[PDB]
Amino acid sequence: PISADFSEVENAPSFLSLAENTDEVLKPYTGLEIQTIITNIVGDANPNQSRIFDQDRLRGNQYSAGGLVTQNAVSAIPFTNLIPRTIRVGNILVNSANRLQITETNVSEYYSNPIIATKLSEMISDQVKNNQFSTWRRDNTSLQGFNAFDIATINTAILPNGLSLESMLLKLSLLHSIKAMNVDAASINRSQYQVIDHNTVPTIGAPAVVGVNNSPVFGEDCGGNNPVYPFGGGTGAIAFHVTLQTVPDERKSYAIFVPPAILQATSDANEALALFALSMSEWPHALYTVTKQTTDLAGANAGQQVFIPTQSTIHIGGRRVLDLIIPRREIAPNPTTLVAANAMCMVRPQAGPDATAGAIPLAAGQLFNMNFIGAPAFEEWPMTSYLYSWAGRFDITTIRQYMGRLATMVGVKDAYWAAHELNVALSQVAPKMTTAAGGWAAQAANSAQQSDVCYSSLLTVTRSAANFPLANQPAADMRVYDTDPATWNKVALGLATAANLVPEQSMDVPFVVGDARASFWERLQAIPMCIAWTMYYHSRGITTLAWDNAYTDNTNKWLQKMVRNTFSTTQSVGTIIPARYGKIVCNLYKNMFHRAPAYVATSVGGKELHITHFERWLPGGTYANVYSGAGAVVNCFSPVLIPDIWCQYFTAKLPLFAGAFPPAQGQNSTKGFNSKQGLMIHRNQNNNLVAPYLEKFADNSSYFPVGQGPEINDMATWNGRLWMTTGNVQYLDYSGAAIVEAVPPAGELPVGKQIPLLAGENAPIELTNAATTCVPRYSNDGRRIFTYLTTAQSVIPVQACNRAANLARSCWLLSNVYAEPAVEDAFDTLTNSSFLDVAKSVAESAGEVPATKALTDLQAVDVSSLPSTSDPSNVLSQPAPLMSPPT
Amino acid sequence: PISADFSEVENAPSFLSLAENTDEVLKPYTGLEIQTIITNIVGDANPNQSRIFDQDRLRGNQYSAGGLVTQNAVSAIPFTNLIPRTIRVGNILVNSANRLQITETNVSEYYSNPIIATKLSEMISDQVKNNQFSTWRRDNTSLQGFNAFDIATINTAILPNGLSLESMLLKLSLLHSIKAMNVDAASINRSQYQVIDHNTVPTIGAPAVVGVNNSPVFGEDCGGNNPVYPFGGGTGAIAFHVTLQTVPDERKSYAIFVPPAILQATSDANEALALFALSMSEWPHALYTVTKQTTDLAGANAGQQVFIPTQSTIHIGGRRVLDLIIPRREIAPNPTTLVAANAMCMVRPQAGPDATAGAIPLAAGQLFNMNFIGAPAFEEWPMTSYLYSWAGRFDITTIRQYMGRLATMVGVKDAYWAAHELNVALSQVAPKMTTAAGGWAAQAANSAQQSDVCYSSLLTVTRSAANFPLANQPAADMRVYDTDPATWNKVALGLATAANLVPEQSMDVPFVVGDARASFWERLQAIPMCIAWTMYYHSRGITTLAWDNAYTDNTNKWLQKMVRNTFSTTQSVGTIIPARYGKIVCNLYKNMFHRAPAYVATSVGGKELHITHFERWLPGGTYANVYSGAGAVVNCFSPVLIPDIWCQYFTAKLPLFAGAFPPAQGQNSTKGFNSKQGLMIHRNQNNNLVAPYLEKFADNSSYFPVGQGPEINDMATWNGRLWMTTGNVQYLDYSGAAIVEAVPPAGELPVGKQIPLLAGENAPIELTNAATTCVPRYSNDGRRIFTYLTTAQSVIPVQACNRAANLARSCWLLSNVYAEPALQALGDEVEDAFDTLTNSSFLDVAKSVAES
Amino acid sequence: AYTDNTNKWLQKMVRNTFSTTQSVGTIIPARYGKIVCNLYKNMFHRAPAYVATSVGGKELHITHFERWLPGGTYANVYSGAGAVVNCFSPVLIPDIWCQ
Amino acid sequence: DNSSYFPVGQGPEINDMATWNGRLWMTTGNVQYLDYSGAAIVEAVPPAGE
Amino acid sequence: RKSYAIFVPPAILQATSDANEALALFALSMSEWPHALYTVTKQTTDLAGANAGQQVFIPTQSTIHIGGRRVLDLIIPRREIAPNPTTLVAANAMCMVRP
């Protein structure tokens, strides 16, 4: 919140107060929290009616330090998911000179909620045991038309991990994020196309066209009409089956049953099959492309401009070949001939409306010839082309309906919301800041600096070094959970369940799915993530070069622990453990925004720990820096990516060191802190250098002692900002010597990105659009960093710390409002009771059927011999169930 | 755990504390949680790859004694089951010159858990008493499909013994592990293909192909199409029957009944049948071969390459011939013609898909001609060829079906986990270490030394001496229980039950079986087993020559009792009595890992006891040693296979003498122990010889008294490691004269095996991959062994024991261990604010782990 | 509504008029279908046939009103000369029949 | 708040009498189906009066 | 195919005067539908009555698709107390009524 008087900044909460862990439960951050402030919309409304094409800026009056008032000043939204692939130069569209951004994931099995066999599987085992008294081969009922021997094999040897569903739901949310772009322009912000290319102006008159494998440069059309994997460079295989017996022996252990709860629609069922095939294979299967009509700043030149979505570049390794087992239409003997097999399909697979070339060409609408016993030749298709043909037909409303049918088998609300959080964390991206004196700056068009970019975590994104397909693989950026086919098979049929797998009474998905407003919201959810990470890095004074080398440094020992505990590299009792200091950022988010991040569970010996997206990053990336006006790098600062008005205008509570400078009000303007706060001024041998009041330990260190670093003090950081915010500071040593790190040209600070204005807008003035809170303190070689003024330049600021004088600073002219976290149809009121009881019954539906053990017992030869009597089912202990105990 | 500081090694537990009995029940230590220690690992240069093909290795940053940092250095996983039969030399595959490894086993009988009669049997014998079974008709049969006269005559047997299922399930699991190699190349880590042949690179493009009797050299083919058993040669015999009346005399006592439950176990009843037959006959029947495409280290010379699985060579059982009684689907009198017998059966037995030659050739899919009461001739098939036919069709998913069916019929949980333990203990295998001053070393290509290998038990494995079929004098390794046919038949037909015969759900079958990761998990389970043995052979200083001769040729009484008590002995009935000191090794396992080994029932005279794989080895073996470069045998050391980092980084707790050195250049860097604790130095300055602070002598200063050996003292062993880790140690006696044992070339210590690097990886530096903990103290002659330095070389280390100096050694920068600056400008002790913010949430984890 | 519209209300609307599957694969009856049944019984004072159904071991009924599948196409009308017109809500029969 | 566009997540309410008045306007000879501004709707319409 | 066999009770066979007709009716009742396309032919004439002729219609019931059981086995009652047949003539004589 913005301070109105110095009394408000002086009474702001300390940083340690906000990093305490909190116990209360909290609602999710939906992004409407920002929408109420930066837009007209007050209640639910048609996105097309609202023209949210023009709702993409912070706006407001600004006050200058000289006493003039600027009206209709603006600041751009920092994030976007679009990477320009053609760029404007000299008012003419031209191709990109820079290689594309890429992301890599770590994917592994981990323990989840403990799992248990259902009543129905106890039924199946009873059927086998009662059969054993006979000469007859029919062991058990064949569930949902699948072969009874297959139910017999699926119902055996369960894993103790539990099941996750995370990678699946990620692939589905990445694709939803990509197709969301395809709606009309009135519902997408202009700013999203010009976060990187600030010289282009998108036209409102046509919707953007999403396509596949089209890019002009660097071999980014991964085969074109003859598709191959963007990373592997190969091609997959996909084969369909009625029974497991036809699956080749080399890969019968990898097969996946396709549940018939999906495919229940009158239409779009073959499409549902293609989509389910997409959610369990490797991603990306192709490079998607957004194409939008755009024009020059004058609106003269016009053309189709090419963009690559970030979601289409992030790699999630999975299976390349796969085998799906289609539901049977009626219980029957397995087919021995082709016609018997084709006639027997519930949904018969076919190619989508888009022809492909190469070996095994696919015609649009082409049907598959089912595999069967005694078949002369095994049949299969390349998978990259099968996913290619349907790729242009997927859209948001169908993914919503699919996901809604999926909802009725298993819980998918929280899991999807978590995978969506991960989507937003890996996809929204901002360009690096430029230093300046004034309010705006940008790098040269079609330059390496223009396109260099960063995560909400202040880490730079790696680039490709060669033409697609990529011969080699980048270090992983983040670790996600995998979904095992075996336990998937057990759960899809009702043989097993766990607390995270329970169907939910809503029978419905998160609000973000199926909306045309989704891109705007995802763009707005990245903001809090950066606010929390920047508070994390700016609470301490380490410079970007020192982070950049911290992991291996042996100059200091504390810097190493500091780097090492910010990432996830610990495990215990077979499962993943969250980064030890990511919990601090998680704590900060809750205390500052009064909301709760989405989390998954991990079981450690049976105890549940929560893991948010903050705790799962991996070491190896480079930290964000800022460039000079000429494009030279600047190392001296703490990492930064966004201007601090975003931090301080969208919080309920903020640490004291980061607050805004208060408005002029008659005599009183700005104020500092002195020896009455326990601070002290630093002087050296040189009489023409002065540094502010600082912590008392600062007098007795020029190098930090090994095993120790700079402390949290909010007031000293405050005076550090007051010194920097004068236009003439020196970033120096205890003795007044130059530090090893590169420093900006004098008096400059990093500032936010420039975008073209609308009529009536003004550019931001002075330091009203700049990071300020990045006060350096820890040099790479272990020296302290000081901010010096000359004596004459020193007098007014020191008296201002003494509160005898006043400093003059610019501010936004804005008030504080932070909203509370917060529909029945007539038909819903008509049916509310029946919905209330049926929803309650579905929660226990599990593998349940009305028949009890007491009925089935009457049908048995011997009740005592039944495995259900001698082994009643229990939840599995972790990591392993007891085996061969000492009697 | 590795040590970040010397306070961590002062506070480590004593060996005696860890050898102490613990009473609580503990969980099994599966490879599914051992897996995560290799993945999820500190280090920033690491490209954290997902494929299990690449998660094959121990990666990490390292720190030199000179203060330099090394990124992403590598240590290989020591074990494998594959044995190369083609060897690359000169960048090309070349036929191997070395003979195949072999394993052998002895049977025992199982009096534990004697059976209890069902009500059914008791009423049948009751009817035999009140009648003469005269009520029954010629054609009466049960629903199962056997006639009543047979069940009645089987009922009449009285058995002392319980039922075991062990040898059965063991054969099933060995075959499982062989078939588990057939999955795609991404699913098996490549390090497994190059533990022996380290000049070879497996290709990720194609799956390994599993065949049989295709070996290049040494008669390995086993006669090809006509299959003869690899041990002893000759064919077996197999026959099928609807009644036991038709089985020939002198074989009637040995017949097995096949329950319909075996036949309905899988979609193809013939496959389930052959699987049962293989399960209850002698193993191996043939030699399976794994073929994998490989390429040159430069990638220049690709080709197919042959490997022989270790499971394929273990020898178990002896039942060359058998008779199977099969259910009749109709209620009929016993057959008199051939066609009646054919029509009569529940499913007629058939040959498998792959045809074979011989005096009795079998066409593919050929149908057996059933036996009947008229006997123009008895009819029969060769058994090795009958199994050669079905050998290709066995598959891990179907085995998962089969195990589920067995679990329903009788509980398979406990028994299968124990059998799996024996499978790991017998098949997993590591090469003997070579000595070096530096980080990496290996023996010459296609050398005999390249192929010497050992168990997790640190016993060297036997090698074949002649071409197959073998006619060897047997050299067995361990005892196993056998499954008895009559006790089988009493249970298959409802005539008896036991306490361990409780039926189970199919869901409870252990998750390893039928899973494609299992091979990988196998290797992992070998690592903790060794650690335990390693801590047993190191706490005492006995050298490898002394272990080679204690049982066969040494006049010292103490070694004799020592080698004698480490192994098991027979009872008057012939039952096992478990190894006395083996109980110590079990204890170690449970204190270092907080996990338990499988337990198996045993009896002495009618007294319950248990047995683990730790207590069932046979006395009379040869021990692990190491090779100098150029391959000369050296045997001064106590036996060793694996590097210290493996022992140190997987344990929850280790004894004090085995802790890792702290990083160089810190306050509280490596140190030693002195008089105040209780030690005393030996000096010999008249000859330039100084030795560390050691244990006070007890009339055993130069020769040990007959009937006594060196005492357990953790701190002297530690000081001996300090003297050793210095560059030029010298192993001499009390006078400073040469010991009888062969010694390493000066300065050398045994070190881990070399493997080819991935790009971006580094070879380990210094003694970071060395084994250090094996310090000699007791020689074959009975004299003490001393580690000496010269009077000048010995001056700093004495000051470090005396704690007035620090020493410098290399380390791994893992798991909370950080680098030390050369200055050390200490400040006031200061808890960091982030550590106080996160203290509780951190302790919660430890508590959750403590629960488990 | 079921295949291509970004309005949430039509989506829930077309969704609730039809039946959905249970984890076992059993029918869960259409939620708004119960309204249509009610209409039938108030306009005619006669009942449609009822059939037993279960959710987890809980009794329920089903009529032909609640067992249609989502994803269909609807009734429209033709101009003379046969051009499609679709401004109206769907219709087949004249008011006198309803009345 | 649904005078020209319905809010996302809401639709027209059940009101019998307005539907009645709409039938009255329709049963007159030349009804015209347009929007709030009096502009053409996207749906195809009957030839006038039909 | 042993797992899928249906037993035909004698009650189906004594259902009608011709047991084969009742048998075929049971078989049609438990196999896949339709097996064939029935056709209704009716004489018709012109609106002036000028042009009479036969005219073909296809019933809507004939085109609905239900079931999937292409193949089946029927177990039939034995009218005599006998052991299972070994020859053809024994099996023919044995049955309650031969199909």
# chains A, B, ... in the order shown; residues from 1 in each chain; ligands from 1
$ interface_residues --of "chain C" --to "chain A" --cutoff "9 Å" --atoms "only C-alpha atoms" --output "number ranges by chain"
C: 1-8, 11, 15, 20-25, 28, 31-32, 34-35, 54-59, 69-72
$ residues_around --residues "residue 401 in chain B" --least-positions-apart "2" --cutoff "12 Å" --atoms "only C-alpha atoms" --output "short mmCIF file (atom, residue, chain, number, x, y, z; two decimals) with N, CA, C and O atoms, in the first residue's frame"
data_model
loop_
_atom_site.label_atom_id
_atom_site.label_comp_id
_atom_site.auth_asym_id
_atom_site.auth_seq_id
_atom_site.Cartn_x
_atom_site.Cartn_y
_atom_site.Cartn_z
N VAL A 128 -12.07 -65.38 -7.92
CA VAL A 128 -11.03 -66.33 -8.32
C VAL A 128 -10.88 -67.50 -7.33
O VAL A 128 -10.78 -68.68 -7.71
N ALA A 148 -11.66 -60.62 -19.14
CA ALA A 148 -11.60 -60.97 -17.72
C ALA A 148 -10.19 -61.31 -17.25
O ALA A 148 -9.84 -61.09 -16.09
N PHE A 149 -9.38 -61.87 -18.15
CA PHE A 149 -7.98 -62.11 -17.83
C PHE A 149 -7.21 -60.80 -17.66
O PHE A 149 -6.26 -60.73 -16.87
N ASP A 150 -7.63 -59.77 -18.37
CA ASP A 150 -7.01 -58.46 -18.27
C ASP A 150 -7.37 -57.80 -16.96
O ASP A 150 -6.53 -57.18 -16.33
N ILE A 151 -8.62 -57.94 -16.53
CA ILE A 151 -8.99 -57.47 -15.21
C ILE A 151 -8.22 -58.25 -14.16
O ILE A 151 -7.81 -57.70 -13.14
N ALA A 152 -7.98 -59.52 -14.43
CA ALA A 152 -7.19 -60.33 -13.50
C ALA A 152 -5.75 -59.85 -13.39
O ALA A 152 -5.17 -59.92 -12.31
N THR A 153 -5.17 -59.36 -14.48
CA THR A 153 -3.77 -58.93 -14.41
C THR A 153 -3.64 -57.50 -13.87
O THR A 153 -2.69 -57.18 -13.16
N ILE A 154 -4.60 -56.64 -14.21
CA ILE A 154 -4.60 -55.28 -13.71
C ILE A 154 -4.84 -55.25 -12.20
O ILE A 154 -4.40 -54.33 -11.52
N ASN A 155 -5.52 -56.26 -11.69
CA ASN A 155 -5.89 -56.30 -10.28
C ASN A 155 -4.84 -57.04 -9.45
O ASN A 155 -5.17 -57.82 -8.56
N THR A 156 -3.56 -56.78 -9.72
CA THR A 156 -2.48 -57.50 -9.05
C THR A 156 -1.23 -56.63 -8.83
O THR A 156 -0.90 -55.81 -9.69
N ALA A 157 -0.56 -56.81 -7.70
CA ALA A 157 0.75 -56.20 -7.39
C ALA A 157 0.79 -54.67 -7.41
O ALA A 157 1.55 -54.08 -8.16
N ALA B 261 -6.36 -74.96 -10.76
CA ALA B 261 -5.96 -73.59 -10.48
C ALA B 261 -4.69 -73.17 -11.23
O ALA B 261 -4.57 -72.02 -11.62
N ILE B 262 -3.74 -74.08 -11.43
CA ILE B 262 -2.60 -73.75 -12.28
C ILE B 262 -3.03 -73.57 -13.73
O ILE B 262 -2.47 -72.74 -14.44
N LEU B 263 -4.03 -74.32 -14.16
CA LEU B 263 -4.44 -74.31 -15.56
C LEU B 263 -5.27 -73.11 -15.98
O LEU B 263 -5.31 -72.75 -17.15
N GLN B 264 -5.92 -72.49 -15.01
CA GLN B 264 -6.79 -71.35 -15.27
C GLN B 264 -6.06 -70.07 -14.87
O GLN B 264 -6.64 -68.99 -14.82
N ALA B 265 -4.77 -70.22 -14.59
CA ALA B 265 -3.93 -69.10 -14.17
C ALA B 265 -3.70 -68.06 -15.25
O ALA B 265 -3.55 -66.88 -14.95
N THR B 266 -3.69 -68.48 -16.51
CA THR B 266 -3.40 -67.56 -17.60
C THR B 266 -4.21 -67.91 -18.84
O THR B 266 -4.80 -68.98 -18.92
N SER B 267 -4.23 -67.00 -19.81
CA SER B 267 -5.07 -67.13 -20.99
C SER B 267 -4.75 -68.36 -21.82
O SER B 267 -5.61 -68.89 -22.53
N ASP B 268 -3.51 -68.83 -21.73
CA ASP B 268 -3.09 -70.02 -22.43
C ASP B 268 -2.64 -71.08 -21.42
O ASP B 268 -1.58 -70.95 -20.83
N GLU B 271 0.83 -72.65 -21.41
CA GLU B 271 1.91 -71.79 -20.97
C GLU B 271 2.04 -71.85 -19.46
O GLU B 271 3.13 -71.97 -18.92
N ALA B 272 0.90 -71.81 -18.77
CA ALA B 272 0.86 -71.96 -17.32
C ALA B 272 1.36 -73.34 -16.91
O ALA B 272 2.01 -73.49 -15.86
N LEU B 275 5.09 -73.46 -17.35
CA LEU B 275 5.67 -72.61 -16.35
C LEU B 275 5.74 -73.37 -15.02
O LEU B 275 6.73 -73.29 -14.30
N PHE B 394 7.82 -66.90 -22.29
CA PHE B 394 7.62 -66.48 -20.92
C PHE B 394 7.83 -64.98 -20.84
O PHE B 394 8.67 -64.43 -21.55
N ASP B 395 7.05 -64.31 -20.00
CA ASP B 395 6.98 -62.85 -20.03
C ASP B 395 6.51 -62.30 -18.69
O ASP B 395 5.70 -62.93 -18.02
N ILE B 396 7.01 -61.14 -18.30
CA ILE B 396 6.85 -60.69 -16.92
C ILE B 396 5.42 -60.33 -16.53
O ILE B 396 5.02 -60.47 -15.36
N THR B 397 4.62 -59.92 -17.50
CA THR B 397 3.21 -59.65 -17.25
C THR B 397 2.44 -60.95 -16.96
O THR B 397 1.62 -61.01 -16.02
N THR B 398 2.73 -61.99 -17.73
CA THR B 398 2.10 -63.28 -17.50
C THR B 398 2.55 -63.89 -16.17
O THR B 398 1.77 -64.56 -15.49
N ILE B 399 3.80 -63.63 -15.81
CA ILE B 399 4.33 -64.09 -14.54
C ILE B 399 3.62 -63.38 -13.40
O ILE B 399 3.40 -63.94 -12.33
N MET B 403 1.61 -65.29 -10.45
CA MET B 403 1.84 -65.00 -9.04
C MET B 403 0.57 -64.57 -8.35
O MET B 403 0.39 -64.83 -7.17
N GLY B 404 -0.32 -63.90 -9.08
CA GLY B 404 -1.57 -63.51 -8.47
C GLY B 404 -2.41 -64.73 -8.16
O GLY B 404 -3.01 -64.84 -7.09
N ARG B 405 -2.41 -65.68 -9.09
CA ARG B 405 -3.19 -66.90 -8.89
C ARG B 405 -2.65 -67.69 -7.71
O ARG B 405 -3.41 -68.17 -6.87
N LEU B 406 -1.32 -67.80 -7.64
CA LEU B 406 -0.73 -68.49 -6.51
C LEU B 406 -1.02 -67.79 -5.21
O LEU B 406 -1.22 -68.45 -4.21
N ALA B 407 -1.06 -66.46 -5.23
CA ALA B 407 -1.33 -65.71 -4.02
C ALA B 407 -2.74 -65.99 -3.55
O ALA B 407 -3.00 -66.04 -2.35
N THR B 408 -3.64 -66.19 -4.49
CA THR B 408 -5.00 -66.55 -4.12
C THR B 408 -5.07 -67.97 -3.56
O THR B 408 -5.76 -68.22 -2.57
N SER B 506 -4.83 -61.04 -4.51
CA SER B 506 -3.93 -60.88 -5.64
C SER B 506 -3.24 -59.53 -5.57
O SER B 506 -2.16 -59.34 -6.12
N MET B 507 -3.89 -58.59 -4.91
CA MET B 507 -3.40 -57.22 -4.84
C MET B 507 -2.10 -57.13 -4.04
O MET B 507 -1.31 -56.21 -4.22
N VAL B 509 0.56 -59.11 -3.98
CA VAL B 509 1.78 -59.62 -4.58
C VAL B 509 2.82 -58.51 -4.63
O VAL B 509 2.50 -57.39 -5.01
N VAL B 513 7.65 -57.61 -9.05
CA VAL B 513 7.45 -58.61 -10.08
C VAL B 513 6.50 -58.10 -11.17
O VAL B 513 5.37 -57.72 -10.91
N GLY B 514 7.01 -58.11 -12.39
CA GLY B 514 6.30 -57.61 -13.55
C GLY B 514 6.55 -56.15 -13.85
O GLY B 514 6.07 -55.63 -14.85
#
$ select_by_dssp --residues "chain E" --states "helix (DSSP H, G or I)" --output "PyMOL selection string"
chain E and resi 10-13+19-29+60-63+88-94
$ write_last_selection --atoms "N, CA and C atoms" --output "short mmCIF file (atom, residue, chain, number, x, y, z; two decimals), in the first residue's frame"
data_model
loop_
_atom_site.label_atom_id
_atom_site.label_comp_id
_atom_site.auth_asym_id
_atom_site.auth_seq_id
_atom_site.Cartn_x
_atom_site.Cartn_y
_atom_site.Cartn_z
N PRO E 10 -36.16 -75.45 -20.52
CA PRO E 10 -37.27 -76.14 -21.18
C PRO E 10 -38.50 -75.25 -21.24
N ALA E 11 -38.60 -74.32 -20.30
CA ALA E 11 -39.69 -73.35 -20.30
C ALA E 11 -39.73 -72.50 -21.58
N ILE E 12 -38.58 -72.17 -22.15
CA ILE E 12 -38.58 -71.50 -23.45
C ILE E 12 -39.11 -72.43 -24.54
N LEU E 13 -38.83 -73.72 -24.41
CA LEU E 13 -39.17 -74.68 -25.46
C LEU E 13 -40.63 -75.09 -25.51
N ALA E 19 -41.62 -75.60 -31.04
CA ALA E 19 -40.49 -75.33 -30.16
C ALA E 19 -39.30 -74.69 -30.87
N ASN E 20 -39.16 -74.97 -32.16
CA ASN E 20 -38.13 -74.32 -32.97
C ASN E 20 -38.35 -72.82 -33.13
N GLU E 21 -39.62 -72.42 -33.17
CA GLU E 21 -39.96 -71.02 -33.33
C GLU E 21 -39.66 -70.26 -32.05
N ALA E 22 -40.01 -70.86 -30.92
CA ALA E 22 -39.69 -70.30 -29.61
C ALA E 22 -38.18 -70.22 -29.41
N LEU E 23 -37.48 -71.21 -29.95
CA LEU E 23 -36.04 -71.25 -29.87
C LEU E 23 -35.38 -70.13 -30.65
N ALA E 24 -35.81 -69.95 -31.90
CA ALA E 24 -35.28 -68.88 -32.74
C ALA E 24 -35.64 -67.52 -32.18
N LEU E 25 -36.80 -67.45 -31.54
CA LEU E 25 -37.24 -66.21 -30.96
C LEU E 25 -36.33 -65.85 -29.78
N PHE E 26 -35.96 -66.84 -28.98
CA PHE E 26 -35.01 -66.63 -27.87
C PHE E 26 -33.64 -66.22 -28.40
N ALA E 27 -33.24 -66.83 -29.50
CA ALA E 27 -31.93 -66.56 -30.08
C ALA E 27 -31.85 -65.13 -30.60
N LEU E 28 -32.90 -64.70 -31.29
CA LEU E 28 -32.97 -63.34 -31.79
C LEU E 28 -33.04 -62.36 -30.64
N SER E 29 -33.73 -62.76 -29.59
CA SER E 29 -33.87 -61.94 -28.41
C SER E 29 -32.55 -61.71 -27.70
N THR E 60 -38.83 -47.52 -38.66
CA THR E 60 -37.79 -46.86 -37.87
C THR E 60 -37.19 -47.83 -36.84
N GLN E 61 -37.96 -48.82 -36.42
CA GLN E 61 -37.48 -49.82 -35.47
C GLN E 61 -36.39 -50.68 -36.07
N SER E 62 -36.41 -50.81 -37.39
CA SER E 62 -35.49 -51.69 -38.08
C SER E 62 -34.07 -51.15 -38.12
N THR E 63 -33.89 -49.87 -37.82
CA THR E 63 -32.60 -49.23 -38.02
C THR E 63 -31.86 -48.88 -36.74
N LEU E 88 -22.54 -88.88 -33.28
CA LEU E 88 -23.49 -87.91 -33.81
C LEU E 88 -24.96 -88.32 -33.56
N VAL E 89 -25.28 -89.58 -33.85
CA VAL E 89 -26.65 -90.07 -33.71
C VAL E 89 -27.13 -90.10 -32.26
N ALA E 90 -26.21 -90.32 -31.33
CA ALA E 90 -26.55 -90.30 -29.92
C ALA E 90 -26.95 -88.90 -29.52
N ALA E 91 -26.18 -87.93 -29.98
CA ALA E 91 -26.47 -86.53 -29.71
C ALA E 91 -27.78 -86.09 -30.35
N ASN E 92 -28.09 -86.62 -31.53
CA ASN E 92 -29.34 -86.27 -32.18
C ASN E 92 -30.54 -86.83 -31.45
N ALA E 93 -30.46 -88.09 -31.07
CA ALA E 93 -31.56 -88.73 -30.36
C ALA E 93 -31.75 -88.16 -28.97
N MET E 94 -30.67 -87.66 -28.40
CA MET E 94 -30.63 -87.27 -27.00
C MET E 94 -31.46 -86.03 -26.64
#
$ residues_around --residues "residue 35 in chain A" --least-positions-apart "6" --cutoff "9 Å" --atoms "only C-alpha atoms" --output "PyMOL selection string"
chain A and resi 41-42+521+524
$ residues_around --residues "range 30-43 of chain D" --least-positions-apart "3" --cutoff "7 Å" --atoms "only C-alpha atoms" --output "PDB file with C-alpha atoms, in the first residue's frame"
ATOM      1  CA  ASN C  86     -32.578 -20.804 -36.829  1.00  0.00           C
ATOM      2  CA  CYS C  87     -33.654 -17.686 -34.959  1.00  0.00           C
TER       3      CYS C  87
ATOM      4  CA  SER D   4     -27.641  -5.793 -24.192  1.00  0.00           C
ATOM      5  CA  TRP D  25     -46.070  -8.834 -30.917  1.00  0.00           C
ATOM      6  CA  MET D  26     -45.316 -11.906 -33.015  1.00  0.00           C
ATOM      7  CA  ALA D  48     -40.833 -11.142 -43.153  1.00  0.00           C
ATOM      8  CA  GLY D  49     -44.069 -12.030 -41.393  1.00  0.00           C
TER       9      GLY D  49
END
$ interface_residues --of "chain B" --to "chain A" --cutoff "6 Å" --atoms "only C-alpha atoms" --output "VMD selection string"
chain B and resid 27 33 36 40 to 42 44 47 to 48 50 143 to 144 183 261 264 401 414 503 to 511 598 to 599 819 821 825 to 827 852
$ closest_atom_pairs --of "chain D" --to "chain A" --cutoff "12 Å" --atoms "only C-alpha atoms" --output "tab-separated table"
residue	atom	partner	partner_atom	distance
D:1	CA	A:45	CA	8.8
D:2	CA	A:45	CA	8.9
D:3	CA	A:45	CA	11.6
D:4	CA	A:49	CA	9.2
D:5	CA	A:46	CA	6.8
D:6	CA	A:46	CA	7.1
D:7	CA	A:45	CA	4.5
D:8	CA	A:45	CA	5.6
D:9	CA	A:823	CA	7.3
D:10	CA	A:823	CA	7.7
D:11	CA	A:825	CA	8.6
D:12	CA	A:825	CA	9.9
D:13	CA	A:826	CA	7.7
D:14	CA	A:826	CA	7.8
D:15	CA	A:826	CA	11.1
